[PDB]
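Below is one structure, written out as structure tokens; the observations come after it.
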Amino acid sequence: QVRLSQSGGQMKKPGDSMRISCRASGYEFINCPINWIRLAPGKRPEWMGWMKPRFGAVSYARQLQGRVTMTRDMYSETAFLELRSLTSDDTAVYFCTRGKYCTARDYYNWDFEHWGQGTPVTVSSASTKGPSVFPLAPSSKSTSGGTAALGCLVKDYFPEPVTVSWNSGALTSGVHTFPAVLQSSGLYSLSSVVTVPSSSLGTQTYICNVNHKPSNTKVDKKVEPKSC
Amino acid sequence: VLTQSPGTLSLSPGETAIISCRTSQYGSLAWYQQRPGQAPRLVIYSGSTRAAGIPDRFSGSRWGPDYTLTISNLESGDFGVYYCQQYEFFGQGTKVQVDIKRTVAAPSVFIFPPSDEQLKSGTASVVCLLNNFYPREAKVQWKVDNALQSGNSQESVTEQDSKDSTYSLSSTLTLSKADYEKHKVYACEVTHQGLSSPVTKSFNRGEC
Amino acid sequence: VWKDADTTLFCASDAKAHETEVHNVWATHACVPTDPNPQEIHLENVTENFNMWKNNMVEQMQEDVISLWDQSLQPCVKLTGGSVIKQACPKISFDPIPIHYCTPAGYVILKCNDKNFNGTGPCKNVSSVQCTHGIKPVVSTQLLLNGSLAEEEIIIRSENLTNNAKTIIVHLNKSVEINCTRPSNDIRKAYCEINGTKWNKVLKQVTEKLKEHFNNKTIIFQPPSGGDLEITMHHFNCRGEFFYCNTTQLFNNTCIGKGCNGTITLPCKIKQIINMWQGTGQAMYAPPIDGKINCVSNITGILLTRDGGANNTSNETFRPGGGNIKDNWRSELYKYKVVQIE
Ligand SMILES: *[C@@H]1O[C@H](CO)[C@@H](O)[C@H](O)[C@H]1NC(C)=O
Ligand SMILES: *[C@@H]1O[C@H](CO)[C@@H](O)[C@H](O)[C@H]1NC(C)=O
Ligand SMILES: *[C@@H]1O[C@H](CO)[C@@H](O)[C@H](O)[C@H]1NC(C)=O
Ligand SMILES: *[C@@H]1O[C@H](CO)[C@@H](O)[C@H](O)[C@H]1NC(C)=O
Ligand SMILES: *[C@@H]1O[C@H](CO)[C@@H](O)[C@H](O)[C@H]1NC(C)=O
Ligand SMILES: *[C@@H]1O[C@H](CO)[C@@H](O)[C@H](O)[C@H]1NC(C)=O
Ligand SMILES: *[C@@H]1O[C@H](CO)[C@@H](O)[C@H](O)[C@H]1NC(C)=O
Ligand SMILES: *[C@@H]1O[C@H](CO)[C@@H](O)[C@H](O)[C@H]1NC(C)=O
Ligand SMILES: *[C@@H]1O[C@H](CO)[C@@H](O)[C@H](O)[C@H]1NC(C)=O
Ligand SMILES: *[C@@H]1O[C@H](CO)[C@@H](O)[C@H](O)[C@H]1NC(C)=O
């Protein structure tokens, strides 16, 4: 039975190089080529290249040309991947694959029936940046005996995650803390809102508690309606 | 070359998932399934040929350049993200997630001007809130002085609430302090099934 | 009435009993004499489909060449499966001879005579022969040597051009001589001489033919991306010695865009420790023989691989290929297929 065993996950910094292995078994190793596919959440799976064990023939994807090297050991029947000069865009789960149809006379490479268990690779700076917390003013409308909405914007922090509570956790009803998004600057940001009775805005105090463990940052921001 | 649609598919167990893929070149097209925290699995290859272990609930079809993966009677294991593939090319992927059904609920739309504290920095963030709606399918378009905005906003959607089975969405429009003070009217247009017509919440810069 | 079939072919050649040469000796025991008057029946109103990449004739020649090399080029040391095999490795006379493959009783070979036939698809002009033409089992990489030339235009051959995993064969309609030499009196260093004017002109014609298959894109050549020396360099055997020639200068894009007009000399080297193309592993041979080692060949074809990946550039990149020696036989057996009579 065809098996592909990959090496363990690892963490890297921008500028480093990674190397992962893929030990194959259960078939004639030199009969079929081995591919390397990386999958990052949100982005389409990216084919990095294939390697044919016979003479170690390789074919790298154009966009990775110069940074990637694929080799193999014939004795241990293990394929190897190397990616140099890593950046945040290299953060992904790396797979070795092999085609379904593989005989001694013919093969079709691209029908990936066989996948390795995957090798998670995280590439991020060791630097940490505390979040900026801006209040979200509930505006001066929305009925008199209805519901309003307030919150605080947690912007420009790195890395994940941040957690938000309200009134030291006393306020949980109607709270929505949205999943963070990755901005173009490479910094994260999210919003935490809460819906409260409009008649309480002049009586009850609402404070969002933002926590950012990597930067050792705990900031409390009081969200009050603007006076004009 | 490979255009896969839709991006997200929120369905209930027992329903059918319809995932399409348009190609710019004819050739052997495959379908893959990736369960959460697992390696991708070959489901269909060569257009409609079923892989080993795949139930007949998965069916492949092709009309012109359009390849469709239909998954009848959804089960727990069927959910995840699906990809189409031709040679070394892959589609963007379709996310098939579990949706618990309920009555149609319209979103409560709120808009938030950038704080005076943030304006000191040099950038301004306008936040539009879509609260407690169903189904998930909702569209948000930003308008600045009645002009369609594009490329300067990011959306975030919460998971389906365990209590009321609703969704909430957050859209953030980012502009520089200089570019923000150039315009007056800022608005987000919300279109949803629970609304007879698109709802717009807006404010004018400066006034209260 | 017939149909496409596979069977066990027999060999035919002009091997001489007085020859101690390797290929002659093998053909003496494995093959029958050739026929002085070969019969070719040109079929009229007959259209046949061919598939050079799915031809089992290739699957028989490869076994023959492997057994030929296994019983002749016996290495001093054979490294395979962890075990070491130490045999006798005397110097021998090595020079490939034409080999004909023929069908037994009940079978026959169909030959496609379309001048611009690319290897796969229907053929209008089909003839009926008993044996193939004289095919020398030349084992090489990157460059096809002492083979047959295309009739009319340069023919691009591939099972699927859009599939970057598939090897591309360029069939030249005009040969370019490559003169490789190991002079007498570092004994392992050698070189190959190629007419730069002829090569660059032919290479330019190749790019133009490739443009026809790739929407008039910019055709760019590049050295191999990696692999063993057998494929990253021009690997071939001359006079029993294994040559490794660097072909960086052979695929110079500047020369096909004021200086290249001259004599291109490729740095070569004779290795004793080689990677076997049979897939067995590593084999070691004795140091090169004394005197002037020289072999002059015809470059009749080029083995290429095309770069792929999720890109959007306005240029196609090709790199010298090889490795799979079955492809070498496909370049000569492309116009042949075996069928069974009723
Ligand atoms: C080329 O590949 C396609 C699928 O990728 C296949 O259907 C077709 O038969 C191939 N063509 C040849 C000539 O083998
Ligand atoms: C096939 O033979 C016919 C008959 O002479 C000839 O006209 C035609 O050019 C030939 N085709 C090729 C591809 O050689
Ligand atoms: C060869 O010719 C056939 C004609 O049927 C065509 O389908 C195929 O694409 C051609 N291949 C190349 C490499 O030109
Ligand atoms: C080399 O090419 C020339 C001209 O094409 C030809 O006459 C000669 O027979 C070839 N040598 C071989 C096939 O050994
Ligand atoms: C070889 O074919 C090319 C086309 O690919 C053509 O331009 C050239 O004239 C041919 N050479 C001959 C027929 O000698
Ligand atoms: C090949 O080159 C050598 C010098 O390296 C020369 O002596 C010999 O004559 C050449 N052979 C041919 C056929 O040109
Ligand atoms: C190279 O070949 C051309 C003919 O194509 C010939 O005129 C020229 O003299 C050759 N160069 C050398 C150095 O012999
Ligand atoms: C071939 O020669 C070029 C030029 O000296 C060199 O850059 C290249 O590395 C050589 N090829 C190999 C495989 O060493
Ligand atoms: C390509 O040719 C030019 C012109 O003769 C030369 O300067 C350059 O070194 C050559 N490059 C290679 C890689 O052979
Ligand atoms: C090709 O040319 C002749 C055969 O006619 C021979 O002298 C030469 O060694 C051959 N080359 C190879 C690599 O077999």
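Identifiers for the structure tokens are assigned positionally: chains receive A, B, ... in sequence, residues are indexed from 1 per chain, and ligands are indexed from 1 in the order shown.
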
Exercise. For chain C against chain A, which residues fall within 7 Å using only C-alpha atoms, given as an MDAnalysis selection string?
Worked result: chainID C and resid 225:228 231 279 307:309 311 323

Those residues you just picked out, can you put them in a file as a PDB file, in the first residue's frame with N, CA, C and O atoms?
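Generated output (out16.pdb):
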ATOM      1  N   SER C 225      17.374  22.416 -14.459  1.00  0.00           N
ATOM      2  CA  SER C 225      17.128  22.963 -13.125  1.00  0.00           C
ATOM      3  C   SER C 225      17.803  22.147 -12.027  1.00  0.00           C
ATOM      4  O   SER C 225      17.979  22.627 -10.907  1.00  0.00           O
ATOM      5  N   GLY C 226      18.171  20.912 -12.349  1.00  0.00           N
ATOM      6  CA  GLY C 226      18.797  20.034 -11.379  1.00  0.00           C
ATOM      7  C   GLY C 226      18.802  18.587 -11.827  1.00  0.00           C
ATOM      8  O   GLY C 226      18.342  18.264 -12.923  1.00  0.00           O
ATOM      9  N   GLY C 227      19.326  17.712 -10.975  1.00  0.00           N
ATOM     10  CA  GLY C 227      19.405  16.297 -11.281  1.00  0.00           C
ATOM     11  C   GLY C 227      20.835  15.796 -11.270  1.00  0.00           C
ATOM     12  O   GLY C 227      21.764  16.551 -10.983  1.00  0.00           O
ATOM     13  N   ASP C 228      21.013  14.516 -11.582  1.00  0.00           N
ATOM     14  CA  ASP C 228      22.345  13.930 -11.669  1.00  0.00           C
ATOM     15  C   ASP C 228      23.073  14.450 -12.905  1.00  0.00           C
ATOM     16  O   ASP C 228      22.456  15.043 -13.790  1.00  0.00           O
ATOM     17  N   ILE C 231      21.947  13.884 -16.685  1.00  0.00           N
ATOM     18  CA  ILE C 231      20.922  14.672 -17.364  1.00  0.00           C
ATOM     19  C   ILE C 231      21.236  16.168 -17.383  1.00  0.00           C
ATOM     20  O   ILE C 231      20.802  16.882 -18.286  1.00  0.00           O
ATOM     21  N   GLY C 279      18.723   1.993 -14.120  1.00  0.00           N
ATOM     22  CA  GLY C 279      18.054   2.193 -12.847  1.00  0.00           C
ATOM     23  C   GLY C 279      18.592   1.312 -11.740  1.00  0.00           C
ATOM     24  O   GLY C 279      18.070   1.312 -10.626  1.00  0.00           O
ATOM     25  N   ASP C 307       9.043  24.476 -18.806  1.00  0.00           N
ATOM     26  CA  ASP C 307       8.681  24.997 -17.493  1.00  0.00           C
ATOM     27  C   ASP C 307       7.180  25.237 -17.391  1.00  0.00           C
ATOM     28  O   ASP C 307       6.540  25.650 -18.357  1.00  0.00           O
ATOM     29  N   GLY C 308       6.628  24.968 -16.214  1.00  0.00           N
ATOM     30  CA  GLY C 308       5.220  25.200 -15.959  1.00  0.00           C
ATOM     31  C   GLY C 308       5.029  26.066 -14.732  1.00  0.00           C
ATOM     32  O   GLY C 308       5.901  26.865 -14.388  1.00  0.00           O
ATOM     33  N   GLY C 309       3.889  25.904 -14.069  1.00  0.00           N
ATOM     34  CA  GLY C 309       3.593  26.669 -12.872  1.00  0.00           C
ATOM     35  C   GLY C 309       2.514  27.709 -13.099  1.00  0.00           C
ATOM     36  O   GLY C 309       2.245  28.095 -14.236  1.00  0.00           O
ATOM     37  N   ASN C 311       1.696  30.848 -13.604  1.00  0.00           N
ATOM     38  CA  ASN C 311       2.262  32.136 -13.978  1.00  0.00           C
ATOM     39  C   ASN C 311       1.412  32.858 -15.016  1.00  0.00           C
ATOM     40  O   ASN C 311       0.318  32.412 -15.361  1.00  0.00           O
ATOM     41  N   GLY C 323      17.215  11.304 -19.611  1.00  0.00           N
ATOM     42  CA  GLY C 323      17.009  10.389 -18.504  1.00  0.00           C
ATOM     43  C   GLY C 323      16.303   9.116 -18.922  1.00  0.00           C
ATOM     44  O   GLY C 323      16.876   8.030 -18.864  1.00  0.00           O
TER      45      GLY C 323
END

Which residues form the shell of 10 Å around ligand 1 when you count only C-alpha atoms and all ligand atoms, given as a compact mmCIF listing (two decimals) with C-alpha atoms, in the first residue's frame?
# COMPACT_ATOMS: atom_id res chain seq x y z
CA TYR A 108 -0.20 10.19 -15.04
CA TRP A 110 -1.52 15.12 -11.86
CA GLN B 25 -8.30 24.87 -21.50
CA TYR B 26 -9.83 21.42 -21.96
CA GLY B 27 -8.11 18.51 -20.23
CA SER B 28 -8.41 16.05 -17.36
CA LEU B 29 -10.06 17.88 -14.46
CA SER B 46 -10.87 12.85 -15.33
CA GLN B 86 -6.10 20.82 -14.19
CA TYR B 87 -2.44 19.81 -14.38
CA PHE C 50 -0.52 6.09 -34.44
CA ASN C 51 0.71 6.77 -30.91
CA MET C 52 4.50 6.89 -30.49
CA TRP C 53 4.14 7.39 -26.74
CA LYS C 54 2.06 4.21 -26.44
CA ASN C 118 4.25 14.49 -35.32
CA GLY C 119 3.95 11.09 -33.66
CA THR C 120 0.31 10.92 -32.60
CA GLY C 121 -2.88 10.95 -34.66
CA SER C 158 5.07 15.36 -27.33
CA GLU C 159 2.29 13.21 -25.87
CA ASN C 160 0.84 16.48 -24.57
CA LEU C 161 2.50 19.90 -24.89
CA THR C 162 0.21 21.36 -22.22
CA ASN C 163 1.48 18.68 -19.83
CA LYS C 166 5.80 15.11 -20.61

For chain C versus ligand 7, which residues have an atom no more than 10 Å away, and what is each residue's nearest atom pair and distance in Å rounded to one decimal, using only C-alpha atoms and all ligand atoms, chain-then-number order, as a tab-separated table?
residue	atom	partner	partner_atom_place_in_ligand_line	distance
C:176	CA	ligand 7	2 (O)	9.5
C:193	CA	ligand 7	13 (C)	9.7
C:194	CA	ligand 7	1 (C)	8.4
C:195	CA	ligand 7	1 (C)	4.7
C:196	CA	ligand 7	1 (C)	6.4
C:197	CA	ligand 7	1 (C)	5.1
C:198	CA	ligand 7	5 (O)	4.7
C:199	CA	ligand 7	5 (O)	8.5
C:200	CA	ligand 7	5 (O)	9.9
C:201	CA	ligand 7	5 (O)	8.5
C:261	CA	ligand 7	11 (N)	8.1
C:262	CA	ligand 7	13 (C)	5.4
C:263	CA	ligand 7	13 (C)	5.4
C:264	CA	ligand 7	13 (C)	9.1

Could you write those residues out with C-alpha atoms, as an mmCIF file, in the first residue's frame?
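Output file out-v2.cif is given in full below:
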data_model
loop_
_atom_site.group_PDB
_atom_site.id
_atom_site.type_symbol
_atom_site.label_atom_id
_atom_site.label_comp_id
_atom_site.auth_asym_id
_atom_site.auth_seq_id
_atom_site.Cartn_x
_atom_site.Cartn_y
_atom_site.Cartn_z
ATOM 1 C CA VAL C 176 24.687 19.283 -36.951
ATOM 2 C CA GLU C 193 33.482 20.958 -31.039
ATOM 3 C CA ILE C 194 30.346 22.261 -32.756
ATOM 4 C CA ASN C 195 30.013 24.651 -35.702
ATOM 5 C CA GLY C 196 28.424 27.703 -34.083
ATOM 6 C CA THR C 197 27.081 29.037 -37.375
ATOM 7 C CA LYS C 198 25.220 25.816 -38.197
ATOM 8 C CA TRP C 199 23.969 25.171 -34.664
ATOM 9 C CA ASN C 200 22.641 28.667 -33.941
ATOM 10 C CA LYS C 201 20.840 28.732 -37.290
ATOM 11 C CA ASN C 261 29.577 33.000 -35.027
ATOM 12 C CA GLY C 262 32.493 30.598 -34.630
ATOM 13 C CA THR C 263 33.438 27.308 -32.989
ATOM 14 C CA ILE C 264 31.671 26.308 -29.780
#

Exercise. What residues in segment 2-208 of chain B get the DSSP label strand (DSSP E)? Please answer as a VMD selection string.
Worked result: chain B and resid 2 to 5 8 to 11 17 to 23 29 to 34 41 to 45 49 to 50 58 to 63 66 to 71 80 to 86 89 to 90 94 to 98 108 to 112 123 to 133 139 to 144 153 to 157 167 to 176 185 to 191 199 to 204

Could I get the residue neighbourhood of ligand 5 at 8 Å, counting only C-alpha atoms and all ligand atoms, as a PDB file with N, CA, C and O atoms, in the first residue's frame?
ATOM      1  N   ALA C 150      14.253  14.447 -39.758  1.00  0.00           N
ATOM      2  CA  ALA C 150      12.912  14.701 -40.267  1.00  0.00           C
ATOM      3  C   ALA C 150      12.969  14.975 -41.767  1.00  0.00           C
ATOM      4  O   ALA C 150      13.937  15.551 -42.262  1.00  0.00           O
ATOM      5  N   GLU C 151      11.931  14.559 -42.487  1.00  0.00           N
ATOM      6  CA  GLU C 151      11.896  14.703 -43.940  1.00  0.00           C
ATOM      7  C   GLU C 151      11.843  16.164 -44.380  1.00  0.00           C
ATOM      8  O   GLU C 151      12.763  16.658 -45.034  1.00  0.00           O
ATOM      9  N   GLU C 152      10.762  16.849 -44.022  1.00  0.00           N
ATOM     10  CA  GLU C 152      10.563  18.231 -44.444  1.00  0.00           C
ATOM     11  C   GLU C 152      10.932  19.229 -43.351  1.00  0.00           C
ATOM     12  O   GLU C 152      12.073  19.676 -43.267  1.00  0.00           O
ATOM     13  N   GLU C 153       9.958  19.578 -42.519  1.00  0.00           N
ATOM     14  CA  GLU C 153      10.172  20.587 -41.491  1.00  0.00           C
ATOM     15  C   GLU C 153      10.577  19.972 -40.157  1.00  0.00           C
ATOM     16  O   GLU C 153      10.411  18.772 -39.937  1.00  0.00           O
ATOM     17  N   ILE C 154      11.124  20.806 -39.277  1.00  0.00           N
ATOM     18  CA  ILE C 154      11.453  20.387 -37.922  1.00  0.00           C
ATOM     19  C   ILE C 154      10.176  20.025 -37.175  1.00  0.00           C
ATOM     20  O   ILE C 154       9.256  20.834 -37.075  1.00  0.00           O
ATOM     21  N   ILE C 155      10.121  18.804 -36.658  1.00  0.00           N
ATOM     22  CA  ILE C 155       8.911  18.314 -36.013  1.00  0.00           C
ATOM     23  C   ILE C 155       9.025  18.300 -34.492  1.00  0.00           C
ATOM     24  O   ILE C 155       9.964  17.732 -33.931  1.00  0.00           O
ATOM     25  N   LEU C 172      15.053  17.188 -35.782  1.00  0.00           N
ATOM     26  CA  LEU C 172      15.707  18.073 -36.738  1.00  0.00           C
ATOM     27  C   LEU C 172      15.630  17.517 -38.157  1.00  0.00           C
ATOM     28  O   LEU C 172      15.703  16.306 -38.359  1.00  0.00           O
ATOM     29  N   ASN C 173      15.478  18.406 -39.135  1.00  0.00           N
ATOM     30  CA  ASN C 173      15.479  18.004 -40.539  1.00  0.00           C
ATOM     31  C   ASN C 173      16.845  18.224 -41.175  1.00  0.00           C
ATOM     32  O   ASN C 173      17.038  17.982 -42.367  1.00  0.00           O
ATOM     33  N   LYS C 174      17.787  18.692 -40.363  1.00  0.00           N
ATOM     34  CA  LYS C 174      19.163  18.875 -40.798  1.00  0.00           C
ATOM     35  C   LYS C 174      20.092  18.613 -39.621  1.00  0.00           C
ATOM     36  O   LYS C 174      19.918  19.182 -38.545  1.00  0.00           O
ATOM     37  N   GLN C 205      15.761  28.010 -35.842  1.00  0.00           N
ATOM     38  CA  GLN C 205      14.637  27.380 -36.523  1.00  0.00           C
ATOM     39  C   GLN C 205      13.765  26.604 -35.539  1.00  0.00           C
ATOM     40  O   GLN C 205      12.551  26.501 -35.721  1.00  0.00           O
ATOM     41  N   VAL C 206      14.392  26.060 -34.500  1.00  0.00           N
ATOM     42  CA  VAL C 206      13.672  25.333 -33.459  1.00  0.00           C
ATOM     43  C   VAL C 206      12.745  26.268 -32.687  1.00  0.00           C
ATOM     44  O   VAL C 206      11.590  25.931 -32.424  1.00  0.00           O
ATOM     45  N   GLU C 208      11.461  28.991 -33.740  1.00  0.00           N
ATOM     46  CA  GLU C 208      10.393  29.426 -34.632  1.00  0.00           C
ATOM     47  C   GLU C 208       9.309  28.362 -34.751  1.00  0.00           C
ATOM     48  O   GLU C 208       8.126  28.681 -34.865  1.00  0.00           O
ATOM     49  N   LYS C 209       9.715  27.096 -34.725  1.00  0.00           N
ATOM     50  CA  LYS C 209       8.758  25.999 -34.759  1.00  0.00           C
ATOM     51  C   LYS C 209       8.011  25.910 -33.435  1.00  0.00           C
ATOM     52  O   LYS C 209       6.826  25.578 -33.401  1.00  0.00           O
TER      53      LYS C 209
END

Problem set entry | Check: which chain A residues lie within 7 Å of chain B using only C-alpha atoms, as a count of residues only | 18

For this session: Please check which protein, DNA or RNA residues sit within 8 Å of ligand 10, counting only C-alpha atoms and all ligand atoms, and write them as a PyMOL selection string.
Result: chain C and resi 95-97+138-140+145-146+236-239+294-298

Exercise. Looking only at the backbone, which of the residues in segment 21-145 of chain A does DSSP tag as helix (DSSP H, G or I), as a VMD selection string?
Worked result: chain A and resid 62 to 64 88 to 90

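Of the listed residues C:275, C:214, C:27, C:164, the one whose atoms come nearest to chain B is C:164, with distances taken using only C-alpha atoms.
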
Problem set entry | Site check for ligand 6: residues at most 8 Å away, only C-alpha atoms and all ligand atoms, as a VMD selection string | chain C and resid 179 to 183 191 to 193 294 296

Please write the residues from the selection above to a file, keeping N, CA and C atoms, as a PDB file, in the first residue's frame.
ATOM      1  N   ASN C 179      31.768  17.089 -32.639  1.00  0.00           N
ATOM      2  CA  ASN C 179      33.051  16.393 -32.663  1.00  0.00           C
ATOM      3  C   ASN C 179      33.709  16.368 -31.288  1.00  0.00           C
ATOM      4  N   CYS C 180      33.589  15.235 -30.604  1.00  0.00           N
ATOM      5  CA  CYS C 180      34.098  15.096 -29.244  1.00  0.00           C
ATOM      6  C   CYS C 180      35.436  14.375 -29.238  1.00  0.00           C
ATOM      7  N   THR C 181      36.367  14.864 -28.426  1.00  0.00           N
ATOM      8  CA  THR C 181      37.736  14.370 -28.480  1.00  0.00           C
ATOM      9  C   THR C 181      38.432  14.357 -27.121  1.00  0.00           C
ATOM     10  N   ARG C 182      39.095  13.244 -26.824  1.00  0.00           N
ATOM     11  CA  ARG C 182      39.982  13.149 -25.672  1.00  0.00           C
ATOM     12  C   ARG C 182      41.403  12.913 -26.180  1.00  0.00           C
ATOM     13  N   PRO C 183      42.167  13.999 -26.363  1.00  0.00           N
ATOM     14  CA  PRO C 183      43.527  13.925 -26.910  1.00  0.00           C
ATOM     15  C   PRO C 183      44.501  13.206 -25.979  1.00  0.00           C
ATOM     16  N   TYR C 191      36.644  17.387 -24.656  1.00  0.00           N
ATOM     17  CA  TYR C 191      35.852  18.487 -25.197  1.00  0.00           C
ATOM     18  C   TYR C 191      35.100  18.105 -26.470  1.00  0.00           C
ATOM     19  N   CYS C 192      34.057  18.871 -26.780  1.00  0.00           N
ATOM     20  CA  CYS C 192      33.276  18.680 -27.999  1.00  0.00           C
ATOM     21  C   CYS C 192      33.248  19.953 -28.837  1.00  0.00           C
ATOM     22  N   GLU C 193      33.467  19.810 -30.139  1.00  0.00           N
ATOM     23  CA  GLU C 193      33.482  20.958 -31.039  1.00  0.00           C
ATOM     24  C   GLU C 193      32.255  20.981 -31.946  1.00  0.00           C
ATOM     25  N   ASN C 294      38.217   9.647 -29.805  1.00  0.00           N
ATOM     26  CA  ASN C 294      37.424  10.565 -30.614  1.00  0.00           C
ATOM     27  C   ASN C 294      36.176   9.919 -31.204  1.00  0.00           C
ATOM     28  N   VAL C 296      32.816  11.294 -33.639  1.00  0.00           N
ATOM     29  CA  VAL C 296      32.080  12.334 -34.347  1.00  0.00           C
ATOM     30  C   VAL C 296      30.657  11.869 -34.625  1.00  0.00           C
TER      31      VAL C 296
END

Problem set entry | Atom pair atom CA of residue 103 of chain A / atom CA of residue 29 of chain A: separation (Å) |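 Separation of atom CA of residue 103 of chain A and atom CA of residue 29 of chain A: 10.4 Å.
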
Exercise. Using only C-alpha atoms, which residues sit within 10 Å of segment 127-131 of chain C once same-chain residues fewer than 6 positions away are excluded, as a ChimeraX atom specification?
Worked result: /C:9-12,34-35,38-44,46,99-105,107-113,336,338

Create the file for the chosen residues now, containing N, CA and C atoms and written as a compact mmCIF listing (two decimals), in the first residue's frame.
# COMPACT_ATOMS: atom_id res chain seq x y z
N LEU C 9 8.90 -9.39 -30.99
CA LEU C 9 9.62 -9.13 -32.23
C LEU C 9 10.96 -9.86 -32.26
N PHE C 10 11.52 -10.01 -33.46
CA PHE C 10 12.87 -10.54 -33.60
C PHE C 10 13.76 -9.51 -34.28
N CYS C 11 15.05 -9.56 -33.97
CA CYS C 11 15.99 -8.57 -34.48
C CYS C 11 16.68 -9.01 -35.77
N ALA C 12 17.14 -8.04 -36.54
CA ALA C 12 17.88 -8.30 -37.77
C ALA C 12 18.95 -7.24 -37.97
N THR C 34 20.00 -9.59 -42.35
CA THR C 34 18.99 -8.73 -42.95
C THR C 34 18.59 -9.25 -44.32
N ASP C 35 17.50 -8.73 -44.86
CA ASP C 35 17.03 -9.13 -46.18
C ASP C 35 17.50 -8.14 -47.24
N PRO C 38 14.06 -5.96 -49.27
CA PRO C 38 12.89 -5.71 -48.42
C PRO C 38 11.66 -5.33 -49.23
N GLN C 39 10.50 -5.87 -48.85
CA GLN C 39 9.26 -5.58 -49.55
C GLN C 39 8.41 -4.58 -48.78
N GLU C 40 8.05 -3.48 -49.43
CA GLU C 40 7.19 -2.47 -48.82
C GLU C 40 5.93 -2.27 -49.65
N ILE C 41 4.78 -2.57 -49.04
CA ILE C 41 3.50 -2.45 -49.72
C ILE C 41 2.79 -1.16 -49.31
N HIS C 42 2.80 -0.18 -50.21
CA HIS C 42 2.17 1.11 -49.94
C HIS C 42 0.65 1.00 -50.04
N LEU C 43 -0.02 1.16 -48.91
CA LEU C 43 -1.47 1.02 -48.84
C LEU C 43 -2.18 2.27 -49.34
N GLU C 44 -3.21 2.07 -50.16
CA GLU C 44 -4.01 3.17 -50.68
C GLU C 44 -5.38 3.18 -50.02
N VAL C 46 -6.10 4.05 -47.03
CA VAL C 46 -6.00 3.51 -45.68
C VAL C 46 -5.51 4.58 -44.71
N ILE C 99 20.06 -1.58 -36.06
CA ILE C 99 19.28 -2.72 -35.61
C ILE C 99 17.86 -2.65 -36.16
N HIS C 100 17.45 -3.71 -36.86
CA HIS C 100 16.10 -3.78 -37.42
C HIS C 100 15.19 -4.64 -36.55
N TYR C 101 13.99 -4.14 -36.28
CA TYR C 101 13.00 -4.92 -35.55
C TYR C 101 11.87 -5.36 -36.47
N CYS C 102 11.57 -6.66 -36.44
CA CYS C 102 10.62 -7.24 -37.38
C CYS C 102 9.53 -8.05 -36.68
N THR C 103 8.42 -8.26 -37.38
CA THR C 103 7.30 -9.02 -36.83
C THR C 103 7.31 -10.48 -37.30
N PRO C 104 6.90 -11.40 -36.41
CA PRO C 104 6.78 -12.83 -36.74
C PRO C 104 5.62 -13.10 -37.70
N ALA C 105 5.32 -14.38 -37.91
CA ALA C 105 4.23 -14.78 -38.79
C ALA C 105 2.88 -14.43 -38.17
N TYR C 107 1.75 -11.33 -38.01
CA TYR C 107 1.81 -9.92 -37.67
C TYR C 107 2.53 -9.13 -38.76
N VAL C 108 2.42 -7.81 -38.71
CA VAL C 108 3.07 -6.95 -39.69
C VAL C 108 3.19 -5.53 -39.14
N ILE C 109 4.20 -4.79 -39.62
CA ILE C 109 4.42 -3.43 -39.16
C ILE C 109 3.82 -2.41 -40.13
N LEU C 110 3.01 -1.50 -39.60
CA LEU C 110 2.48 -0.40 -40.39
C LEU C 110 3.38 0.82 -40.23
N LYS C 111 3.71 1.45 -41.35
CA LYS C 111 4.63 2.58 -41.34
C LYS C 111 3.96 3.85 -41.84
N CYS C 112 3.99 4.90 -41.03
CA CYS C 112 3.43 6.18 -41.42
C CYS C 112 4.45 6.99 -42.23
N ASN C 113 4.08 7.35 -43.45
CA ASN C 113 4.99 8.06 -44.33
C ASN C 113 4.60 9.52 -44.53
N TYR C 336 6.19 3.67 -36.50
CA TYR C 336 5.91 2.24 -36.59
C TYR C 336 4.89 1.78 -35.55
N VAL C 338 2.66 -2.19 -34.48
CA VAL C 338 2.45 -3.60 -34.78
C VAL C 338 0.97 -3.95 -34.83

Problem set entry | Distance filter 7 Å around ligand 2, atoms: only C-alpha atoms and all ligand atoms, out as number ranges by chain | C: 113-117, 124-125

Using C-alpha atoms, can you write the selected residues to a file as an mmCIF file, in the first residue's frame?
data_model
loop_
_atom_site.group_PDB
_atom_site.id
_atom_site.type_symbol
_atom_site.label_atom_id
_atom_site.label_comp_id
_atom_site.auth_asym_id
_atom_site.auth_seq_id
_atom_site.Cartn_x
_atom_site.Cartn_y
_atom_site.Cartn_z
ATOM 1 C CA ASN C 113 4.989 8.061 -44.333
ATOM 2 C CA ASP C 114 3.495 11.474 -43.621
ATOM 3 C CA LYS C 115 6.384 13.927 -43.945
ATOM 4 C CA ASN C 116 5.033 16.215 -41.221
ATOM 5 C CA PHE C 117 3.735 13.457 -38.934
ATOM 6 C CA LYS C 124 -2.760 9.292 -44.589
ATOM 7 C CA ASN C 125 0.173 7.538 -46.266
#
